[PDB]
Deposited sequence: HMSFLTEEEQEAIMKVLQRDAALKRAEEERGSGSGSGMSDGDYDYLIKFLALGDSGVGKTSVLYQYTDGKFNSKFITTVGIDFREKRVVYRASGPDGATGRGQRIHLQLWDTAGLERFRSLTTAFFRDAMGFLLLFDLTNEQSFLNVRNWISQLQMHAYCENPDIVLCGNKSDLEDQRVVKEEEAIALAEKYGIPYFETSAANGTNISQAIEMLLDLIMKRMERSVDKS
């Protein structure tokens, strides 16, 4: 009995779409005075409750809320950052102005078709499970399959995150099984904490590097 969007839910989603259009129109008018060199977009997905909203919020604002406010379908956050390409000496190259649009999808099945419609906008994916929830780790293969059927290129860039690493007493997912899974699919893996920020920026910067590197292959 998945229920249809209430008009309050629908108002909230239409306002996200309204914000996204303003953003894309500013980018259409030679957007790529605070301006930038590229609008980079990616998308966070994974089961409900794993920490997708908290991870993006920790990354953009350095803050964390204990209270669970499940996401009404779709949202996004933004961050201006400076990206520097890598070479035989680390982050060697010139600093590029990157405007990040960080899509945040609801994890509950009831929003599956709404959220999948935004894969077309994503250049990369941040895939999360919860180190304290074995079911959310087991669903990772399904999520990856969904990404390969629904992304809008063929081998989409993904970074896997096992989140809530600060809850060490409640950990149930074994490190070797997760590392093996990421190894099997060739995707980078980070254990993260939205609560204290551990590996948040590293995981997102790796995804950003992957997308920039792919883009320079053209």
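Asker: What ranges of the deposited sequence are left out of this structure?
Answerer: Several stretches lack coordinates - namely 33-39, 226-229, in sequence order.
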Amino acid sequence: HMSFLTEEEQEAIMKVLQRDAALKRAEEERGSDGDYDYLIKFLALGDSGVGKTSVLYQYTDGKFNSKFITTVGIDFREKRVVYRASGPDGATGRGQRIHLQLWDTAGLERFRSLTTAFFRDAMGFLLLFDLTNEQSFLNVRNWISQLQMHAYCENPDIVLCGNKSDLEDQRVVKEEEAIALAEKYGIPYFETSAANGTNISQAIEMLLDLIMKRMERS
From here on, numbers count along this sequence of modelled residues.
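Asker: For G95, record whether it is unmodelled in at least a third of the other compared entries of this protein.
Answerer: Residue status for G95: no gap in any other entry.
Asker: Is it true that at least a third of the other compared entries have no coordinates for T105?
Answerer: No: coordinates for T105 present in every compared entry.
Asker: Which is higher in the entry, the mean Cα B factor of 122-130 or that of 78-86?
Answerer: Between 78-86 and 122-130, it is 78-86.
Asker: Quick check on the record: does 58-66 or 146-154 carry the larger mean Cα temperature factor?
Answerer: Between 146-154 and 58-66, it is 146-154.
Asker: Among the choices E27, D47, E191, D166, identify the one whose CA B-factor in the record is greatest.
Answerer: Of the options given, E27 has the highest CA B-factor in the PDB entry.
Asker: From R141, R94, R97, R110, can you pick the one with the highest C-alpha B factor in the entry?
Answerer: So the option with the highest C-alpha B-factor is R94.
Asker: Within this chain's modelled residues, let me know which third the CA B factor of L39 belongs to: lowest, middle or highest.
Answerer: Its C-alpha B-factor, which the entry lists for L39, ranks in the highest third among residues of this chain.
Asker: Considering every modelled residue of the chain and its Cα B-factor in the PDB entry, is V159 in the lowest, middle or highest third?
Answerer: Its C-alpha B-factor belongs to the lowest third of this chain's values.
Asker: Considering only modelled residues of the same chain, in which third does the CA B-factor of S201 rank: lowest, middle or highest?
Answerer: Middle third, going by the recorded CA B-factors of the chain.
Asker: According to the PDB entry, is the CA B factor of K184 in the bottom, middle or top third of its chain, that is, lowest, middle or highest?
Answerer: Answer is middle: the recorded C-alpha B-factor places it there.
Asker: Relative to the other modelled residues of the same chain, rank the CA B-factor of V16 and answer lowest, middle or highest third.
Answerer: CA B-factor rank for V16: lowest third.
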